[PDB]
Ligand SMILES: [Zn+2]
């Protein structure tokens, strides 16, 4: 079942978001833990 994007080591605990840099992921979450 085609799903998620494999590659980068750092993966998001929420979505299938993966990044090569840690700091990058950190900011990515800043949005996950926030909504209107
Ligand atoms: Zn995410």
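Counting begins at 1 with the first residue displayed.
Per the header of the entry, the method used was solution NMR.
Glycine residues also receive a Cβ, built from the backbone N, Cα and C atoms like all the rest.
Under the heading expression tag, the PDB entry lists 1-7.
The annotation zinc finger is assigned in Swiss-Prot to 10-32.
Residues or ranges marked as Zn(2+) 2 binding site by Swiss-Prot on the basis of experimental evidence: 12, 15, 28, 32. Counting every protein chain shown, the Cβ of residue 12 (Zn(2+) 2 binding site) has 13 other Cβ atoms within 10 Å.
Within 10 Å of the C-beta of residue 32 (Zn(2+) 2 binding site) there are 12 other C-beta atoms, taking all protein chains into account. Counting only residues at least six positions away in the same chain, the Cβ atoms of 12, 17, 19 sit under 8 Å from the Cβ of residue 28 (Zn(2+) 2 binding site). Counting only same-chain residues 6+ beyond the ends of the expression tag (1-7), those with a CB under 8 A from a CB of the stretch are 16-18.
According to DSSP, the secondary structure content of the expression tag (1-7) in residues is 0 helix, 0 strand, 7 coil.
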